[PDB]
Structures are given as C-alpha cells and as structure tokens.
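K.L.:
Protein chains in written order, with UniProt numbering: chain A, 535 to 551, 560 to 667; chain B, 425 to 431, 448 to 529. Every residue, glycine too, gets a C-beta built ideally from N, C-alpha and C. If you scroll down you'll find the structure; I have some questions about it.
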DNA sequence: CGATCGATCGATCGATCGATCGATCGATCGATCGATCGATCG
DNA sequence: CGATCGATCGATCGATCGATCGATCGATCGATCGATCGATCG
Ligand SMILES: Nc1ncnc2c1ncn2[C@@H]1O[C@H](COP(=O)(O)OP(=O)(O)O)[C@@H](O)[C@H]1O
C-alpha cells in the first residue's frame with residue numbers, strides 16, 4: 535500500500551482548465575526516510591527539506607524590490623524551485639508553527655501571498 | 425430561524457412541572473444515585489428509616505441521570521418530528 | 001567625476017520570559033448504610 | 001413477660017477541592033536589515 539500511493543503520487547491527478563500529498567506516520571525505524579530519498583532522486587528537480595533545516599522564507603521565495611531599477615524580484619525558494627515536482631519534508635511534525643502556518647494556502651490554493659512594507663504580491667508554488 | 429414579518449410558545453416554568461413529573465415516573469429519568477427496589481426486607485427497613493437528601497431539596501434542583509442517551513433518541517425519534525433536528529448536538 | 005564609512009529611523013524576525021492550563025498528591029466532608037439502644041405498649 | 005419504633009453513633013462510598021508541577025500559547029525587547037543621503041578621499 536505504501537508503494538502504490540507514493541507511486542500514485544508520482545503519477546498525480548489531472549489539472550484542468560491535481561497534486562497529491564502524503565504523510566507517513568510510523569515508528570522511527572521503518573523505511574520512512576529511504577523512500578523520500580528515492581523520490582527526490584527519481585523526480586525532476588525535487589527538493590529535500592527538513593524541519594529545522596528550513597525557515598518561513600525557506601519554502602517561501604524572498605521577494606524584495608531592486609535598489610536601482612525598483613522592480614520586484616524574487617530569490618527563489620524550496621516550494622518555488624519544485625513547482626510541478628515533489629518536495630520531500632522530513633520531521634514534518636517538528637516544523638515551526640510559523641513555518642507550518644503558511645502551508646495551508648500553499649497546499650490548497652498553490653499560492654503564497656505576501657504583504658509587507660512596499661510589497662504586495664502573490665506567487666505560484 | 426423563522427423570519428420576522430414587517431408590520448412557538450415557550451411554556452411557563454410552572455406548567456413544565458407536570459411534564460417533569462410525568463417523565464420522572466415513566467423512568468426516562470432517574471435520581472442521581474437511586475438504588476431503586478431494594479433486595480430484602482432488612483434493606484427496605486434501613487432505606488425507609490433514612491431520609492434521602494434528593495427527596496428534601498426543591499423540585500427545581502433535584503439531580504437526575506438519563507436512561508435513553510441522545511444517540512438512542514436519534515435512532516428512535518422519527519425524522520418527521522419538528523424537534524428531530526436537535527437530536528444532534 | 002567616482003569610491004568608501006556614518007548616522008538615523010522604519011520595518012522585519014526571533015528568542016526569552018511570562019501568562020495560561022491540564023494533570024496528580026493530599027484531604028474531607030456530603031450522603032448513605034448498618035449496628036446500637038433507649039423508649040413505648042400488647 | 002416481650003414485641004415495635006424512633007433516635008444516635010461508627011463506618012464507608014464518593015464527589016469535591018487545594019497545593020504543586022511541568023507543559024503550551026503568546027507578548028514583546030533585542031538583534032539585524034535597508035534606504036537615501038552626507039563627509040572624506042582619490
Ligand atoms: N520494511 C523494510 N524494508 C527494508 N528495510 C527496512 C524495513 N524496515 C526497516 N528497514 C531498515 O531499517 C532502517 C531504518 O532507517 P530509515 O527508515 O532510513 O530511518 P528511521 O530509522 O527513522 O525509520 C533502514 O536502514 C532500513 O534498511
């Protein structure tokens with residue numbers, strides 16, 4: 535059953551004018575890490591992430607404004623690099639609450655809206 | 425939930457007493473720790489000698505427990521009943 | 001005409017102390033059950 | 001002579017509460033960044 539669903543994760547749904563997400567809960571000795579290592583090494587441009595190894599601006603691209611051309615620029619992010627791919631998150635429980643909070647919009651609407659001083663825009667992830 | 429019109449009874453607390461008395465007798469309710477029918481004559485003697493607090497405290501403050509749990513009510517109560525929608529919490 | 005430190009004040013993050021809360025150990029009286037017994041009359 | 005009853009005391013179930021502790025959510029003081037410009041220098 536683990537094999538089928540994770541395979542079904544790679545097949546994916548069908549976007550129309560689609561992504562499938564999976565959580566592995568189990569005792570800390572059973573094959574959890576090995577499958578995720580395989581997935582990002584078998585999918586194009588996957589990103590390997592962990593709880594304390596990332597931040598709120600780790601998955602979210604750091605949007606800033608240019609100092610000379612004054613345009614809006616983005617410096618990439620984990621959830622932006624893997625657009626259309628699969629992102630592997632280890633220790634998903636130990637994710638910080640702030641970092642965990644921004645998942646809701648990403649997982650359901652596939653967007654990251656940011657409202658800060660001088661910048662008001664939304665991304666696609 | 426019934427909209428007001430531009431220009448159901450809440451029965452009085454005294455009238456509800458008869459309804460409460462009816463339900464207490466039909467064993468839908470029961471007193472908090474009601475032993476009920478004693479087993480032997482000596483137990484009945486000691487029970488009739490004693491005066492329980494539940495029989496002394498006012499009619500409005502006697503503690504009761506329920507025999508038909510709300511889930512059983514939702515099983516039994518017809519859905520055509522007006523109050524059926526409240527068989528859920 | 002261009003390159004390098006400086007001071008300021010808004011904006012953002014975060015880490016640290018603290019406010020808030022579920023749990024257990026110790027206690028106890030409210031409610032009750034039965035035994036004791038002194039009192040009453042056939 | 002004994003048979004009936006109303007009161008009292010000891011004991012126990014249980015429903016409850018206070019003192020104490022570590023754990024969860026949050027306010028907020030401190031660190032850093034940034035943006036334009038200015039003073040010294042070539
Ligand atoms: N069903 C299994 N099939 C193959 N290997 C397994 C299985 N269950 C446990 N293992 C072994 O146990 C080890 C567990 O490591 P891993 O799953 O990577 O991290 P964790 O110890 O946190 O689960 C792996 O090296 C793996 O070889």
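In the structure shown, what three-state DSSP assignment does residue 471 of chain B receive?
P.N.:
On the second chain, position 31 is the one that residue 471 of chain B refers to. DSSP places residue 471 of chain B in strand when its eight states are reduced to three.
K.L.:
Figure out for me which residue from A/544, A/570, A/548, A/550 has the closest Cα to the Cα of residue 564 of chain A.
P.N.:
Within the first chain, residue 564 of chain A is the residue found at index 22, counting from 1. The shortest Cα separation from residue 564 of chain A among A/544, A/570, A/548, A/550 belongs to A/544.
K.L.:
Once you ignore the five residues that flank residue 587 of chain A on each side, which residues in its own chain have a CB closer than 7 Å to its CB?
P.N.:
Numbered from its first residue, the first chain carries residue 587 of chain A at position 45. Result list for residue 587 of chain A: 623, 624, 627, in chain order.
K.L.:
Using the beta carbon as the reference atom, which residues fall closer than 7 Å to any heavy atom of ligand 1, ordered along the chain?
P.N.:
The answer, residue by residue, is A/570, A/571, A/572, A/573, A/574, A/575, A/576.
K.L.:
I'd like to check one pair, residue 645 of chain A with residue 654 of chain A: are the Cβ atoms closer than 8 Å?
P.N.:
Taking the first chain and counting its residues from 1, the one referred to as residue 654 of chain A is at position 112. Taking the first chain and counting its residues from 1, the one referred to as residue 645 of chain A is at position 103. No. Outside cutoff.
K.L.:
If we ignore side chains and look at the alpha-carbon of each, how far apart do residue 473 of chain B and residue 539 of chain A end up?
P.N.:
As a first step, residue 473 of chain B must be located in the second chain, where it is residue number 33. As a first step, residue 539 of chain A must be located in the first chain, where it is residue number 5. Going by the C-alpha atoms only, they are around 54 Å apart.
K.L.:
In the stretch 498-529 of chain B, which residue ranges form an unbroken beta strand (DSSP E) of at least 3 residues, counting only runs that do not cross its ends?
P.N.:
504-506, all fully within the stretch 498-529 of chain B.
K.L.:
Report the rounded CA-to-CA distance for residue 522 of chain B versus residue 468 of chain B, giving the unit in angstroms.
P.N.:
Within the second chain, the letter at position 82 stands for residue 522 of chain B. Within the second chain, the letter at position 28 stands for residue 468 of chain B. Residue 522 of chain B and residue 468 of chain B: Cα-Cα distance of roughly 21 Å.
K.L.:
Is any heavy atom of ligand 3 found at a distance shorter than 7 Å from the C-beta of residue 595 of chain A?
P.N.:
Inclusion of ligand 3 in the displayed structure is not the case, the ligand content consisting of ligand 1 alone.
K.L.:
Grab me the residues of residue 479 of chain B's own chain with a C-beta within less than 7 Å of its C-beta, minus the 5 sequence neighbours each way, in chain order.
P.N.:
Your numbering for residue 479 of chain B matches position 39 in the second chain. Contacts found: none.
K.L.:
Report the partner residues of residue 567 of chain A according to the DSSP bridge assignment.
P.N.:
In the first chain, counting from the first residue as 1, residue 567 of chain A sits at position 25. Per DSSP, none; premise fails for residue 567 of chain A.
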